[PDB]
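Secondary and tertiary structure notes
Residues per chain, in single letters:
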Amino acid sequence: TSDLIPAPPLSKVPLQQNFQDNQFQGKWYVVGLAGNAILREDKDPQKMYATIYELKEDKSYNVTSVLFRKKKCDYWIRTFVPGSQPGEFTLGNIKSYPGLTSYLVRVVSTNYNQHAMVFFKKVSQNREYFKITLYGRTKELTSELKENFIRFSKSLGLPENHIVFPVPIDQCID
Ligand SMILES: COC(=O)[C@H](CCCCN(O)C(C)=O)NC(=O)[C@@H](CCCCN(O)C(C)=O)NC(=O)c1cccc(O)c1O
Ligand SMILES: [Fe+3]
Ligand code: NA
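Residues numbered from 1 in each chain as written, not as in the entry; some residues may be left out. Chains lettered and ligands numbered in written order. Heavy atoms only, no water. Residues with missing side-chain atoms left out of burial classes, pairs and counts.

For this entry, the PDB record names X-ray crystallography as the structure determination method and reports a resolution of 2.80 Å.

Here is the structure:
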């Protein structure tokens, strides 16, 4: 019913040193997308989408994804609660997602004003899913940065067809 490439040990997912949560606020474009449930589809290629991070009084993030689907904009909202160390988070109100028993976020690297790599891992219906997002402050990033993403995705066991670069669009995400 399902076959998944295993989640890597956390020992080989770096953590961004000295994480500045206020500086990580704002809109990010998903320019690179990889994971064990992520699969390249040339018939119907992945459209680019955007994720907005905004701190609250209590320093949790209100994370809002906006994506273009069925000729409309869909708004996926959830809370990231600070975890064991800075740059590391857990999901708030996990109770509202049936089957979901675990959720981890980890900021691998970022220069705040241009690019970022973030690692996600969830366990749901006892199935362990993980993904890496290549966040871009603009819709385009350099070749260097994208290969860096490609080769990092591979260091966690992902083949080429599990790595995608969503195609830039104008609807919803601007
Ligand atoms: C992550 O971005 C994505 O491309 C889409 C977002 C959906 C947007 C679609 N839509 O609503 C639109 C276009 O309007 N979703 C995933 O690929 C799922 C696959 C696992 C599904 C688990 N599952 O329920 C099954 C049946 O396989 N998610 C993850 O792989 C995943 C892994 C770790 C942490 C997460 O939070 C995840 O979501
Ligand atoms: Fe998700
Ligand atoms: Na270049």
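And the narrative resumes.
Moving on to the site of ligand 1. Every residue lining ligand 1 is accounted for by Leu33, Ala37, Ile38, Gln46, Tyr49, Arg69, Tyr103, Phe120, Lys122, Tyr129, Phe130 and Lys131. One nitrogen or oxygen atom from the side chain of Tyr103 is found 2.6 Å from an oxygen atom belonging to ligand 1. Starting from 830 Å² of accessible surface for ligand 1 in isolation, the protein chains cover 56%. When contributions to the shell around ligand 1 are tallied by element, the ones reaching two or more residues are β7 (115-124) and β8 (127-136). Top contributing element to the shell around ligand 1 by residue count: β8, with three residues. Of the residues that constitute the shell around ligand 1, the class distribution is eight nonpolar, one polar and three charged. (Near = heavy atom within 4 Å. Polar contact = N/O pair within 3.5 Å; in protein donor to acceptor, adjacent residues only side chain to side chain. Areas by Shrake-Rupley, 256 points an atom, 1.4 Å probe, with all protein chains shown as cover. Helix = DSSP H or I, 4+ residues; strand = E, 2+ residues; numbered from the N terminus. Nonpolar A, V, L, I, M, F, W, Y, C, P; charged D, E, K, R; others polar.)

Another aspect to go through is the UniProt feature "binding site: enterobactin" in the protein chain. Summarizing the sequence annotation, UniProt attributes the feature "binding site: enterobactin" to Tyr103 and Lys131 in the numbering used throughout. Maximum C-alpha separation among the annotated residues is 11.6 Å over a sequence range of 29 residues, consistent with a single clustered spot. With respect to the element layout, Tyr103 can be found in strand β6 (residues 100-110). Residue class for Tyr103 comes out buried when judged on its relative accessible area of 16%. If sequence neighbours within four positions are ignored, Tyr103 has contacts with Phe80, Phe89, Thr90, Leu91, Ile94, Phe120, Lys121 and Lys122. By the element assignment, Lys131 lies in strand β8. Classification of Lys131 as partly exposed rests on a relative accessible area of 27%. Once residues lying within four places of it in the same chain are set aside, the contact partners of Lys131 are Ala34, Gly35, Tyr49, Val118, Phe119 and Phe120. (UniProt positions renumbered as here; feature names shortened; annotations may be inferred. Buried < 20%, exposed > 50% of the residue type's maximum accessible area, 1.4 Å probe, protein only. Contact = heavy atoms within 4.5 Å.)

So, about the packing of aromatic side chains. Scanning the model with the defined rule gives 15 aromatic pairs in all. Here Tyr61 and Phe89 contribute two aromatic rings whose centre-to-centre distance is 5.5 Å and whose plane-to-plane angle is 55 degrees, an arrangement assigned as tilted. Of the two residues, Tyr61 sits in strand β3 (residues 61-69) while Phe89 sits in strand β5 (residues 88-92), which places them 28 residues apart along the sequence. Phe89 carries the same exposure label as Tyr61, and that label is buried. Their ring planes at 35 degrees and their centres at 6.3 Å tell us that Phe80 and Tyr103 sit as a pair that is tilted. One end of the pair, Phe80, is in strand β4 (residues 72-82); the other, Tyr103, is in strand β6, and 23 residues separate them in sequence. Exposure remark for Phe80: the relative accessible area of 0% places this residue in the buried category. Every member of this aromatic cluster is reached through a ring pair, and the members are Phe19, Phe24, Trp28, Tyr53, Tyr61, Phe80, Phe89, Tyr103, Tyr112 and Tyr135. The cationic tip of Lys122 hangs over the ring face of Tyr129; the distance from NZ or CZ to the ring centre is 5.7 Å. Above the face of the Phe165 ring, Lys146 is positioned so that its terminal group lies 6.0 Å from the ring centre. (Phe/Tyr/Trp six-rings, centres within 6.5 Å; stacked < 30°, edge-to-face > 60°. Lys NZ or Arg CZ within 6 Å of the ring centre and 35° of its normal.)

A separate point is the state of the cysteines. Applying the stated criterion across every chain yields a total of one disulfide. Disulfide pairing is shown between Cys73 and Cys172; the S-S distance is 2.0 Å. In this structure, the disulfide formed by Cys73 and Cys172 twists by about -85 degrees around the S-S bond and is classed as left-handed. Here the residue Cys73 occupies a position in strand β4, and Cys172 occupies one in the segment after β9 (163-164), the gap between them amounting to 99 residues. (Disulfide = S-S within 2.5 Å.)

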